[PDB]
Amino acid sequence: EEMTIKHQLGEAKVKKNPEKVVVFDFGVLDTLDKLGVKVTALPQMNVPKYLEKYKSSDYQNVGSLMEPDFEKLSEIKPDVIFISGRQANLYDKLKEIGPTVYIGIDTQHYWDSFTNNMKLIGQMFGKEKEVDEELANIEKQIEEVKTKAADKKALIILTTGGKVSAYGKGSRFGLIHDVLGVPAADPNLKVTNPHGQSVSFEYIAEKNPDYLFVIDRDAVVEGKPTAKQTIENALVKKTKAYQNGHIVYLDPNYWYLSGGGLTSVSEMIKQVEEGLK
């Protein structure tokens, strides 16, 4: 009836089937959506398109992803607060208000970490069988995309402010290489930074990948698509990716604002599969 949860930032004591659930990670939000679990509150300042129903006033607004409304959280008295990387620095302040579970993915072990996070949610809400069904469905997706991914060397690029940053194995977006079997154009790219590693257009040209996965950060942070325009560049057009029409624009509503949930991971895999073949 009381759960002891060991997470990356500490230990939370949470009542099973907690009544008031507050969510600061959109992957967890889409997980609770999928499982039919009622949510009390979330930061409504920037909600992913696919989760737009959670913009409803039926949900209490607890601010933005990096600025929680502590007054409002105090008023709610949550039974559980779910957080991920963007709120890690505020863990103590949140835990003072209610039980706080860090449920970001450890990208050094994406599949294991994802699995554990989802199974925890199943245990907390009595949804263990439905979580297991969805995890099996996702495994089937992964296997299928692995067959498509052979020999297709890829570089992962995020665009922001007319600039490009790169990601590789073990990184925020490492699962493309680490789970879905897409080979790395740059196997030595060792990225642990949320916003990736600054690189030149010349660097992209030099790596000359078969496939270029592009995540438009400005589309969700600034509200205007800038990825196509940013990729419009003399040196990038020299790559096999540009030539062969293998520049794949991954939806930042899923990849950037969200990720690590039942629905977001499923849709992420679909976007990779569709991009390859």
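Counting begins at 1, following the sequence as shown.
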Query raised in the report: In the PDB record, does 3-11 or 268-276 carry the higher mean Cα temperature factor?
Result: 268-276
Report task. Read off the CA B-factors in the entry, average them over 234-242 and over 41-49, and name the higher stretch. Result -> 234-242
**Report entry** Out of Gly63, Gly223, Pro209, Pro252, residue topping the C-alpha B-factor column of the entry
**Finding:** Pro209
Report summary line: Max C-alpha B-factor within the set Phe173, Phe82, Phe114, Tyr203 falls on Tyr203
Query raised in the report: If you rank the chain by CA B-factor, which third does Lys34 end up in: lowest, middle or highest?
Result: middle
Report task. Would you mind checking where the Cα B-factor of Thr159 ranks among the modelled residues of its chain, as the lowest, middle or highest third? Result -> middle
Report task. Check where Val28 lands among this chain's C-alpha B-factors and tell me if it's the lowest, middle or highest third. Result -> lowest
Report task. Rank-wise, by C-alpha B-factor, drop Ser165 into the lowest, middle or highest third of its chain. Result -> middle
**Report entry** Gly104 CA temperature factor, ranked by third within the chain
**Finding:** lowest
